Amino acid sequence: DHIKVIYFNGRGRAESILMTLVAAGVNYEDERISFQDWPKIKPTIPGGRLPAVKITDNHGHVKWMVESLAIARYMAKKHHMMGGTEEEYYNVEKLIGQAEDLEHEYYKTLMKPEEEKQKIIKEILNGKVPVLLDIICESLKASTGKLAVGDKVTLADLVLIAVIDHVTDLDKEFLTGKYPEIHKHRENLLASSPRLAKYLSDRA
């Protein structure tokens, strides 16, 4: 199957999809759409929104998928990255939900004039952000292995790395000297997934 991932230029919602395929060792085509080209392409995308995934097989079948984390969960399940038991499934989902909570705080800062952007950053960094980082640390602490859940890569590992990258976009040193569990998780994940480490280093 040819898998084409269609998104805007950056690590936004598509990152969960990209990292899942990378970690699972699945080949795919990147299609980054520029702001200027979007109006033309928008009507050709079922549902008119990105990320979208177009899967084409060698017998002419075309499957369109939308909703970034639903795509990511589907692919993760296919490649045994959603937990091997019900309990591990719950713990995978628990960390995804916590990471997504944190992501929504980050979202508050987007498409705002610099002036109120810094006010929001200060608000969230003095409010919900450290609360969620600690809660995530507790989730990581409870793992029986080196990763979010056990010793094998799950979607939870991938969503966490992406959201932490957004936190450090807001304040580069926010995690410095703090949250040892999150730092250790990043080390362990990159150690366990050379494919992901290479991907993260290569990223434009």
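Sequential numbering from 1, following the sequence displayed.
The PDB entry records a higher mean C-alpha B factor for 41 to 49 than for its counterpart among 41 to 49 and 159 to 167.
Judged by mean Cα B factor in the deposited record, 9 to 17 ranks above the other of 9 to 17 and 177 to 185.
Take 73, 94, 80, 112 and read off each C-alpha B-factor from the entry; 112 has the highest. Among the modelled residues of its chain, residue 34 has a C-alpha B-factor that falls in the highest third, as given in the PDB entry.
Among the modelled residues of its chain, residue 56 has a C-alpha B-factor that falls in the middle third, as given in the PDB entry. Residue 116: CA B factor in the highest third of modelled residues in this chain (values from the PDB entry). Looking at the C-alpha B-factors along this chain, the one for residue 134 belongs to the lowest third. The entry lists a Cα temperature factor for residue 26 that places it in the highest third of the chain's modelled residues.
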